[PDB]
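Enquirer: Got a structure for you, written out below as structure tokens; questions coming shortly.
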Amino acid sequence: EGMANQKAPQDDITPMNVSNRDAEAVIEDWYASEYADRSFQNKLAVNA
Amino acid sequence: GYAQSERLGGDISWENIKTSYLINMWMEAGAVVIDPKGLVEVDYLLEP
Amino acid sequence: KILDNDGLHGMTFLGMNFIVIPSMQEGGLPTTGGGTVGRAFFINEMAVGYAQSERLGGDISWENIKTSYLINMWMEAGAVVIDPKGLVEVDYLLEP
Amino acid sequence: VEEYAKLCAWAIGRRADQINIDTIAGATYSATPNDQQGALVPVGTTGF
Amino acid sequence: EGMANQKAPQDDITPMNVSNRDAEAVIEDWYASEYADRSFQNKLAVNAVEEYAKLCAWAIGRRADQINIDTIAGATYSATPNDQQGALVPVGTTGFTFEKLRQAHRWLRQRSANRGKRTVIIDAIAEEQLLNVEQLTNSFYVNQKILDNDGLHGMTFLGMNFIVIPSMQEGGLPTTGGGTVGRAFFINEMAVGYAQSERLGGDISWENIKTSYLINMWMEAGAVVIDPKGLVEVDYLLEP
Amino acid sequence: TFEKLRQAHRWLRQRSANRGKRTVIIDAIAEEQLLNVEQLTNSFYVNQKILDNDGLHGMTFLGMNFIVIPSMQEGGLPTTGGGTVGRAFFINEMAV
Amino acid sequence: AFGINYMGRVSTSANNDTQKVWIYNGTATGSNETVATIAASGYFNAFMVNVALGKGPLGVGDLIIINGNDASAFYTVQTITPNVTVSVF
Amino acid sequence: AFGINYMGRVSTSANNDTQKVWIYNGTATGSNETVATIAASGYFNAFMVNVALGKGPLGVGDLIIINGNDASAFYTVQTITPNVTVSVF
Amino acid sequence: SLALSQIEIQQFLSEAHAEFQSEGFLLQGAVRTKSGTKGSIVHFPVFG
């Protein structure tokens, strides 16, 4: 976060320091799976 | 900060060896706390 | 002038063509004497037969069960010595 | 996938060379060969 | 490297595993700058800004060479190397002879690093000794007469191109053994990676406060050894 | 000797002064000693045959032109070491 | 001797960071050799590509179900170079 | 601790009405822990999704082939909640 | 601010390098070759 300050005319500008940092997120892999046997294709009214 | 490389991937395949369809959804994401100043925890009694 | 060229690789001397085999994880040129004696071979073309049924086949498929791509390449061939009279072996010290 | 396809092609090519080398080196070599043996130049005490 | 194996018919495939690794190049920034006061425009017979722009570009170019040299010379070289080490040809008791050229070429051939562009970087002293080798200067060994020409600079031998590095204030080619042993390197092109974020940037601006032209040039690059199997080092005595 | 000639060429190369026209000024004694060098007089190494010509005077070697200065009453090429050591000079054209 | 047609794989996973399970048919319908012969040192050398460098489909710790012509036993690979040696599970 | 990269399936069948077979690599190339350490209670808790409710890939009765850095043995899953515990087979 | 060095990035190149290895097929045509063969065994008759 910066800040505004004052200075005399014709004087060099004096910046207010702005900090920095980093945050790291680790990526994960998840699987949701199921099987539908062909034996149930013709035996179910629901589309499995 | 929540980073999702893959919100909802997947692939539905016919597996001849198992004589069945394989429904295989997946995701790829990870999360991190960017600024702890924005988090507040409220604790309470389940049976007051 | 083999020094303006690839050296002994591909040179022709006394009518014989030279091939330089690099080091190979499959074994390359075999060694003897506990790894201190190298073996080089002189072959007449008709002394060895090479039967090739498939030079390079392959297939790349998606395997949903393993959630992986399977890269699969194959060859199919065999070899035999037609005539040992056309084979010469030279043994040399690797560090003379 | 592209790198693996390229690497697997070279592996097949190296096996084709190894089949030839194994057959050639698999013969019986003697310094006084008969009709079924290749000729041998003994190592002695020198290099090539 | 992959590998081919055998299996029974209708059996599941069993791959031979391929290894992986990574190489990291660290980027650095360098500046070559100069000032040219406006009061010198009418007092000089030469163009100061034009000369300074040329001199600054040479300073940047010399640093770019130094970065490549430092990476190559900084690798690990062993006389019995493994897959992570470059090959070393020990100094022994001789200078840069024809024997050491054969041994260096042997390592490149053995490790399948003898295809493509191969470069031999040597310094002035190495060239001076190599000019005494019969196999490089006799016209019955090579189809050129380097003694009628620029010497080893630009010469091709066994398919490798020679580059002679002069003595640079940036450091040039390093030595070893208390300044008595020189080092020369045989590099396959793919063996070393050179990341070039900014080859030669710059800005020539008028600074009213200082009443001067500021010729400012900069560069931004780094290098790393990718595959040590394509690197060979040859050691020789500076005074054989 | 040939070694000294190679060292002089080394110094020009090392100090980035080996491009363009280069001249070597030597006296008669230097030419006499340099005529013993095989690499300067043999067609194996150089195209010209200086022994069928004016010798080192006017020859070109490694891109450098040789000039032989005779004895001059004005002084000629200076000596050193009490008159027992000769001095020869390698000059890049832009250096003077 | 070793016959590749009698060698099969049991484990279905292709994950190479874990071990594999094999099954060998040395019974009368296979190689027709005893469990002791199959478990001898260097018997599975032919199954490897370069046994001198330990390059092949067998890994250290792999479980082999050996069905000899007289009995059966579980075995585990200990070395793949310079020879393939197994031990009782 | 438990590493998912060292766990792999052995049973090829997708039939969910029968048990599964697993294999774990705790040898020098894997987790580098003894069989006793791996067979301790709650070691395979990280493999489950919610061990407090017994929700995960492992089921009761599944056979695990454990390869420690000192030996190898067969183990059977006894419970999946509130901890994953195994006993010899 | 010089604090910008805390959020410096890294670049990963898409062009992979395969370790120096032989591409094989070096002995192609060096011996008597029969192409497009069929069968488990190929027989070469020989006369003495």
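Please note: Cβ atoms are built from the backbone with ideal geometry, for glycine as well, and neighbour counts cover all protein chains shown. Each reported figure results from applying straightforward, stated rules to the coordinates on display, with no laboratory input.
Enquirer: If you plug each phi of the stretch G:24-30 into the Karplus form 6.51 cos²θ - 1.76 cosθ + 1.60 with θ = phi - 60°, what whole-Hz ³J(HN,Hα) values come out, in order, with x for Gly and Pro?
Expert: 10, 9, x, 6, 4, 8, x
Enquirer: Give me a single rounded figure for G:47-53: the average over its residues of other chain Cβ atoms within 10 Å of their Cβ.
Expert: Mean number of neighbouring Cβ atoms from other chains: 4.
Enquirer: Taking amide hydrogens as modeled 1.01 Å from N in the peptide plane, which residues meet the under 5 Å criterion relative to E:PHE96, leaving out close sequence neighbours?
Expert: E:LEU237
Enquirer: Enumerate the calculated ³J(HN,Hα) couplings along the stretch C:14-27 in order (Karplus 6.51 cos²θ - 1.76 cosθ + 1.60, θ = phi - 60°), each rounded to whole Hz, writing x wherever the residue is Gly or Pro.
Expert: Those phi angles translate into 6, x, 10, 8, 9, 10, 9, 8, x, 5, 10, 5, 5, x Hz.
Enquirer: Continuing with the same structure: Let me check against my output: what whole-number percent is the relative contact order of chain B, with C-alpha pairs under 8 Å and at least 6 apart?
Expert: 39 percent.
Enquirer: Once you put a point 7 Å from the Cα of G:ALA40 and another 7 Å from the Cα of H:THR37, both along the Cβ direction, what distance in nm separates them?
Expert: 3.8 nm
Enquirer: Kirkwood Rh over Cα pairs of the protein assembly as shown into Stokes-Einstein at 20 °C, 1.002 mPa s: D in µm²/s?
Expert: 63 µm²/s
Enquirer: If amide H atoms are built 1.01 Å from N in the plane of the peptide, which residues on other chains or at least 5 residues away come under 5 Å of the amide H of H:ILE64?
Expert: Placed amide hydrogens put H:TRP22, H:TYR75, H:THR76, H:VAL77 under 5 Å from H:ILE64.
Enquirer: Please find the FRET efficiency linking I:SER14 to E:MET168, where r is the Cβ-Cβ separation and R0 is fixed at 35 Å, and quote it to the nearest 0.05.
Expert: 0.55
Enquirer: Report, to the nearest 10°, how far helix E:98-110 tilts away from the longest principal axis of the Cα atoms in chain E, using its own Cα long axis and a range of 0 to 90°.
Expert: For E:98-110 against chain E, the angle is about 70 degrees.
Enquirer: Just to check, using Stokes-Einstein with a Kirkwood Rh over alpha carbon pairs, what's the diffusion coefficient of the stretch E:31-187 at 20 °C and 1.002 mPa s in µm²/s?
Expert: It comes out at roughly 117 µm²/s.
Enquirer: Which one, C:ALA79, C:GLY15, C:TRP62, projects farthest toward the positive side of the charge dipole computed for the stretch C:1-90 from Cβ point charges (K/R +1, D/E -1)?
Expert: C:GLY15
Enquirer: Taking beta carbons within 10 Å but only from partner chains, what does the mean come to for residues C:58-69?
Expert: The mean count of partner-chain Cβ atoms within 10 Å per residue comes to 5.
Enquirer: Quick check of the Kirkwood formula: for chain D, what is the inverse mean of 1/r over all pairs of different Cα atoms, in Å?
Expert: By the Kirkwood definition, the hydrodynamic radius is 13.7 Å.
Enquirer: Another question, then. Within a 10 angstrom radius of the beta carbon, how do F:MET59, F:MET72 rank from fewest other beta carbons to most?
Expert: F:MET72, F:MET59
Enquirer: What's the center-to-center distance, using Cα atoms, between the stretch D:12-44 and the stretch E:47-82 in Å?
Expert: 51 Å
Enquirer: What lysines sit close enough to B:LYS37 to cross-link, taking a C-alpha to C-alpha distance under 24 Å and skipping anything fewer than 8 places away on the same chain?
Expert: Partners within reach: none.
Enquirer: Pop the C-beta distance of E:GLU134 and C:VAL80 into the FRET formula with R0 = 45 Å and round what comes out to the nearest 0.05.
Expert: 0.45
Enquirer: I'd like the distance separating the alpha-carbon centroids of the stretch H:7-24 and chain I, in whole Å.
Expert: 36 Å
Enquirer: If you don't mind, there's one more thing I want to ask. Among H:57-64, F:48-55, how do they line up from the highest to the lowest mean number of other beta-carbon atoms within 10 Å?
Expert: Going by the mean number of other Cβ atoms within 10 Å, highest first, we get H:57-64, F:48-55.
Enquirer: To two decimal places, what compactness ratio does the stretch C:40-79 give when its Cα radius of gyration is scaled by 2.2 N^0.38 Å?
Expert: Ratio of Cα Rg to 2.2 N^0.38 Å: 1.95.
Enquirer: What does the average come to when, for each residue of peptide F:37-49, you count the partner chain Cβ atoms lying within 10 Å of its Cβ?
Expert: Across F:37-49, the average partner-chain Cβ count within 10 Å equals 3.
Enquirer: For E:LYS210, which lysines qualify as cross-link partners when the Cα separation must be under 19 Å and same-chain residues fewer than eight apart are set aside?
Expert: E:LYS43
Enquirer: Enumerate the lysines that E:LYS117 could reach by cross-link, defined here as Cα to Cα under 25 Å, with residues fewer than 8 away along the same chain left out.
Expert: Counting by Cα, and skipping residues close in sequence, E:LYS117 has these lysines nearby: C:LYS1, D:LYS6, E:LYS100, E:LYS145, E:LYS229.
Enquirer: Per residue of the stretch D:38-46, in order, report the coupling 6.51 cos²θ - 1.76 cosθ + 1.60 (Karplus, θ = phi - 60°) as ³J(HN,Hα) in whole Hz, putting x for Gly and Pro.
Expert: 3J(HN,Hα) across the stretch D:38-46, in whole Hz: x, 8, 10, 9, x, 5, x, 9, 9.
Enquirer: Using Cα centres only, tell me the gap between the stretch H:35-89 and the stretch E:96-153 in whole Å.
Expert: 65 Å
Enquirer: Additional query: With runs of 4+ DSSP H residues as the only contributors, calculate the mean residue ellipticity of chain H at 222 nm using -39,500 (n - 2.57) per run, divided by the residue total and rounded to the nearest 500.
Expert: Rounded to the nearest 500, it is -500 deg cm²/dmol.
Enquirer: Shifting gears a bit: Rounded to the nearest 500 deg cm²/dmol, what is the calculated helix-only ellipticity per residue at 222 nm for chain E, with -39500 (n - 2.57) per DSSP H run of length n ≥ 4?
Expert: Roughly -6500 deg cm²/dmol at 222 nm, from the helical runs in chain E.
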